[PDB]
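Summary of the model geometry
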Amino acid sequence: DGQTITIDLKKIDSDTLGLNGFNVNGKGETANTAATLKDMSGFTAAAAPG
Amino acid sequence: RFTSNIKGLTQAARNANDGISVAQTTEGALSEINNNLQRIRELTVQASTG
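Residues numbered from 1 in each chain as written, not as in the entry; some residues may be left out. Chains lettered and ligands numbered in written order. Part of a larger assembly, values for the part shown. Heavy atoms only, no water.

Bringing the overall build of chain A into the picture now. Across its full length, chain A holds one helix and zero strands. Total accessible area on chain A is roughly 5700 Å²; 57% of this is exposed by carbon and sulfur atoms. For chain A, the separation between the mean place of its 4 positive charges and that of its 6 negative charges on side chains is 7 Å. (Helix = DSSP H or I, 4+ residues; strand = E, 2+ residues; numbered from the N terminus. Areas by Shrake-Rupley, 256 points an atom, 1.4 Å probe, with all protein chains shown as cover. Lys, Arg positive; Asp, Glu negative; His and termini not counted. Charge placed at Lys NZ, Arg CZ, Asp CG, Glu CD.)

Attention now goes to a nonpolar patch on the surface. Residues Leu 30, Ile 33, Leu 37 and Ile 40 of chain B make up a contiguous nonpolar surface patch of roughly 380 Å² in combined accessible area. For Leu 30 of chain B, a relative accessible area of 45% puts it in the partly exposed group. (Patch = residues over 30% accessible without salt bridge, like charges linked within 9 Å, V, L, I, M, F, W, Y side chains within 5 Å. Salt bridge = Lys/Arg side-chain N within 4 Å of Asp/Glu carboxyl O. Buried < 20%, exposed > 50% of the residue type's maximum accessible area, 1.4 Å probe, protein only.)

Turning to unusual backbone geometry, a few remarks are in order. All names here are of chain A. Phi angles above zero are rare outside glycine, and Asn 20 is one such case at about 40°. Secondary-structure assignment places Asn 20 in the segment after helix 1 (14–17). Residue classification places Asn 20 among the exposed positions, given a relative accessible area of 63%. With phi around 35°, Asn 23 is a residue other than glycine that occupies positive phi space. With respect to the helices and strands, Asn 23 occurs in the segment after helix 1.

Time to look at helix 1 (residues 2–47) of chain B. Residues spaced three or four apart along an α-helix point in a common direction, a consequence of the helix completing one turn every 3.6 residues. The first and last C-alpha atoms of helix 1 of chain B sit 67 Å apart over 46 residues, in line with the 68 Å expected at 1.5 Å per residue. Burial analysis of helix 1 of chain B places just zero of its 46 residues in the buried class, which makes it a mostly uncovered element. (Expected span 1.5 Å × (residues − 1).)

The structure is reproduced here in structure tokens:
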């Protein structure tokens, strides 16, 4: 037991390789991403006036 | 006394033969138990692969 060889597999797709749409010509409206609570690190306040 | 001793020794030899027989039967059963365990170990070694 324990005498193994590990094979690594990578998630290969358009998103991982990047550019999420190469859009070379342009003039194409693109969808926006979500609220993304994690990225917004502004000043915090526990006020909640309501 | 000699006749008694001779008869006792004959019975002892017969009983020892019977014991050898029972040991042989047990050994055969244990041999198959060994074979079965070997096969199970083989299956497990196969099943260890991911």
